[PDB]
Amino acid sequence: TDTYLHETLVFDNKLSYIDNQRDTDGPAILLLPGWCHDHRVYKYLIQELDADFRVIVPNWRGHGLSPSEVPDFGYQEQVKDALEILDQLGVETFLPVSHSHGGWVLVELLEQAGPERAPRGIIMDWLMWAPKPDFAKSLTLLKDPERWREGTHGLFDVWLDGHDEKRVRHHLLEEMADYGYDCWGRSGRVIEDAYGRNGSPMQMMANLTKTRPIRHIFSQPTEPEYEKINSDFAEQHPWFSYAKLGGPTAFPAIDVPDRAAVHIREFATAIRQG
């Protein structure tokens, strides 16, 4: 995967990004990381798609193999960064795919890019409802310069859901280990503000000027009440669908990459037709 890793100057920042520079029929597949992780979350998903698609994975400001303190930014800046990278590469039509709170970037990317460039979207494991007491408590801890690491440990416990899942534990304990208070504190502020300002991922997607096919694919939360908000939103919106992947962790791109990949291919094939 490091075979495909590049660096370029985006506005005032040097950002890393995966590009397999595959020469083939579109759309390109834009994999969008969440907060305080990088392209390494997608290394198994990249292997599923590598052969048949151009695969781009931008890293956010202060994100990558060598994390760094950088000035404050939000999901609006993540979208502009993602699009400046696509402009530099000469990419027109793309299928955005997000993990967790990468979702705020994806939905704003759909709005900013419009349904010509971005006719569909896949959001993976993104909390569709307003924060529950537990998660609200986690964001609080992430913003506390005293208690941010305690914050991340609580989240790691929720995401692993009691599983000895070797590849996901490697991602959280080795691949996220170099991220400090600067990223995590900012993730807490941006996510807490995203919910407060947009209400929920569902309110934000319903509010798009141009609604389009979006699929939520998730393994967590596993409770029937969470599946019901997805089914109820799906019944209300012809353009919304979900699949419960039944993987063990909140990281389906890592632990069920083959399942993640068939939903991406289905949406990529639908774009290729017409």
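Numbers follow the displayed sequence, beginning with 1.
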query: Higher-scoring stretch by recorded Cα B factor average, 125 to 133 or 67 to 75; finding: 67 to 75
query: Mean C-alpha B-factor comparison - 142 to 150 and 197 to 205, higher one; finding: 142 to 150
query: Highest recorded Cα temperature factor - choice among 250, 256, 264, 9; finding: 9
query: Which of 168, 107, 86, 155 ranks first by CA B-factor in the deposited coordinates; finding: 86
query: Residue 90 by Cα B-factor - lowest, middle or highest third of the modelled chain; finding: highest
query: Where the record places residue 82 (Cα B-factor, split into thirds across the chain); finding: highest
query: Residue 118 - which third its CA temperature factor falls in, relative to the rest of the chain; finding: middle
query: Chain-relative CA temperature factor third for residue 211; finding: middle
query: Third of the chain's Cα B-factor distribution that residue 184 belongs to, per the entry; finding: middle
